[PDB]
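> With the entry's author numbering applied, the sequence shown covers 2 to 132.
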Amino acid sequence: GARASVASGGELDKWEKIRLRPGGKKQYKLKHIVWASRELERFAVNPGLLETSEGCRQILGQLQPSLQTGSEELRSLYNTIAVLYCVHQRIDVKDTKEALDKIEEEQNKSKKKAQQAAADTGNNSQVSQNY
Ligand SMILES: *C(=O)CCCCCCCCCCCCC
C-alpha cells in the first residue's frame, strides 16, 4: 500500500538473485511472491505477513507442522516464504536450500544462548511401559 517498510527496489534485486535450486540456473521471480501472497489470503493468512520477517515466522510455523500432512501445494509456500525470511533478516543465501538450512542452524544459536532459560522450562515425564 502507501505505507511500506521493507525496501521497494533494493530487496527486489536480491530476491531475483536467489536461485530456485542448489545446482540449477533458475531463480526467484514475482510469480512466486504474488502466487504466495494470494494463496495465503485463502489460508486465512494476510499477504502482508510476508512484509516483515516476524510475520513469516508465524506463517512458516503454521505450515511447518503441516508440511507432512499438506500436499505439494503447502510445500511450495513454505519453501518460498522460508527464503524471503532469510533476506528479511539480512541473510545472504546461495539457493532455496541454503535458505531453509540457514533458518535452522540460525535458531540453533538461540539454544546455545539459552542454557539457563531452557533449564528453567523443562521436566522429565516418565510415560508407561506395560506388556
Ligand atoms: C503497502 O503498504 C504494501 C506493499 C509493499 C509490500 C511488499 C514487501 C513484502 C514483499 C511480499 C512478500 C515477498 C515474498 C518473497
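The beta carbon of each residue, even a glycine, is placed where N, CA and C say it ideally should be.
Any chance you could list the alpha helix (DSSP H) runs of at least 4 consecutive residues sitting entirely within the segment 79-128, in chain order?
The segment 79-128 contains these whole alpha helix (DSSP H) runs: 97-113 and 116-121.
> For the candidate residues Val-7, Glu-42 and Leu-31, whose alpha-carbon lies nearest to that of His-89?
Translated into positions along the sequence shown, residue 89 becomes position 88. For the residues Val-7, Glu-42 and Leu-31, the minimum Cα distance to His-89 belongs to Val-7.
> Ligand 1: which residues have Cβ under 5 Å from any of its heavy atoms, chain order?
This criterion selects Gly-2, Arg-4, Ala-5, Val-7, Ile-34, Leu-51, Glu-52 and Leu-85.
> Less than 7 Å between C-beta atoms, sequence neighbours within five positions excluded: which residues of the same chain meet that for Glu-42?
Here residue 42 refers to the residue found at position 41 when the sequence shown is read from its first residue. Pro-48.
> If contacts are defined as beta-carbon pairs under 8 Å, then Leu-68 and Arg-58 qualify, I think. What distance do you get, rounded to the angstrom?
Reading the sequence shown from its first residue, position 67 is the one you call residue 68. Reading the sequence shown from its first residue, position 57 is the one you call residue 58. Contact flag wrong, Cβ pair sits at about 15 Å.
> I need the straight-line Cα distance from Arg-91 to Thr-122, nearest angstrom please.
Counted from its first residue, the sequence shown places residue 91 at position 90. Counted from its first residue, the sequence shown places residue 122 at position 121. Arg-91 and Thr-122: Cα-Cα distance of roughly 30 Å.
> Per DSSP, which residues does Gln-28 bridge with? Please list them.
Within the sequence shown, numbered from 1, the residue matching residue 28 stands at position 27. Paired residues: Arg-20.
> Using only CA atoms, which one of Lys-30, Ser-9, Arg-4 and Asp-96 lies nearest to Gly-24?
For the purposes of this step, residue 24 is identified with residue 23 of the sequence shown, where counting begins at 1. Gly-24 has its Cα closest to that of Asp-96, out of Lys-30, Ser-9, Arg-4 and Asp-96.
> Could you work out which residue in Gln-130, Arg-20 and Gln-127 is closest to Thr-81 when comparing CA atoms only?
Along the sequence shown, read from residue 1 onward, the residue named residue 81 stands at position 80. Per the Cα distances, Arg-20.
> Considering just the uninterrupted stretch of the alpha helix (DSSP H) at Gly-71, what are its terminal residues?
Taking the first residue of the sequence shown as position 1, residue 71 is located at position 70. Looking at the DSSP string, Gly-71 is not in any alpha helix (DSSP H), and its letter there is neither H nor E.
> Is it buried or exposed, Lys-30, if we count other Cβ atoms within 10 angstroms and call 16 or more buried?
Indexing the sequence shown from 1 puts residue 30 at position 29. Per the 10 Å Cβ criterion, exposed.
> From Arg-4 to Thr-53, what does the alpha carbon distance come to, in whole angstroms?
Here residue 4 refers to the residue found at position 3 when the sequence shown is read from its first residue. Here residue 53 refers to the residue found at position 52 when the sequence shown is read from its first residue. So the alpha carbons of these two residues sit roughly 13 Å apart.
> Classify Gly-2: buried if its beta carbon has 16 or more other beta carbons within 10 angstroms, exposed otherwise.
Position 1 of the sequence shown, counted from the start, is the residue given in the question as residue 2. The residue is exposed, with fewer than 16 neighbouring Cβ atoms inside 10 Å.
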